[PDB]
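Fold and contact review
Listed below, chain by chain, are the residues.
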Amino acid sequence: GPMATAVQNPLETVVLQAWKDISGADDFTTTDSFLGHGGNXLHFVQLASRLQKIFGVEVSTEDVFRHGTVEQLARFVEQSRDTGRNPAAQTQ
């Protein structure tokens, strides 16, 4: 479902959709955790750089491992996507 599951992130719905294709976890939700649902270490690597494409943001294994959930991934991504470059550039 296009942007069906969106817990305050319109993006998070594409993130788990990748994991469904990568690992095959169809019953993986956005607020659910990869590692809590059972994830394979190399698939985090694949996922990360897969997400990097659809996010347009620099994503490596570190981030998908740290946030644990695609909800918390989209949480930072949507902000990085909105702000673009120059991290936290205030008083522009």
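Scope of this entry: the structure provided in the associated data block. (Residues numbered from 1 in each chain as written, not as in the entry; some residues may be left out. Heavy atoms only, no water. Residues with missing side-chain atoms left out of burial classes, pairs and counts.)

Let us now look at the overall build of the protein chain. On a plain count of helices and strands, the protein chain comes out with five helices and zero strands. Taken from the N to the C terminus, the helices and strands of the protein chain come in the order α-α-α-α-α. For a compact globule of 92 residues, the expected C-alpha radius of gyration is about 12 Å, and the protein chain comes in at 13 Å, within 12% of that figure. Seen through its C-alpha atoms, the protein chain measures out along the principal axes to roughly 45 × 25 × 20 Å. The contacts of the protein chain with a sequence gap of at least 6 include a subset with a gap of at least 24, amounting to 52%. (Helix = DSSP H or I, 4+ residues; strand = E, 2+ residues; numbered from the N terminus. Rg over C-alpha atoms; globule rule 2.2 N^0.38 Å. Contact = heavy atoms within 4.5 Å.)

Another point: helix α3 (residues 41-55). Between its first and last C-alpha, α3 extends 21 Å over 15 residues, near the 21 Å set by a 1.5 Å rise per residue. Where α3 terminates, the next one or two residues include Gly56, which has phi positive at roughly 75°. (Expected span 1.5 Å × (residues − 1).)

Relative to each other, helix α1 (residues 12-22) and α3 sit at 140°, their axes nearing to 10 Å. Between α1 and α3, the angle is such that the two are oblique. Our pair here, α1 against α3, has a crossing hand that is right-handed. Touching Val14, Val15, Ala18, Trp19 and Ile22 of α1 are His43, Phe44, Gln46, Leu47, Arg50, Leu51, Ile54 and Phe55, all from α3. (Axes fitted to C-alpha atoms, helices over the stretch in contact; angles between N-to-C directions. Parallel < 35°, antiparallel > 145°, perpendicular 65-115°, else oblique. Left-handed = near helix turned anticlockwise from the far one by under 90°.)

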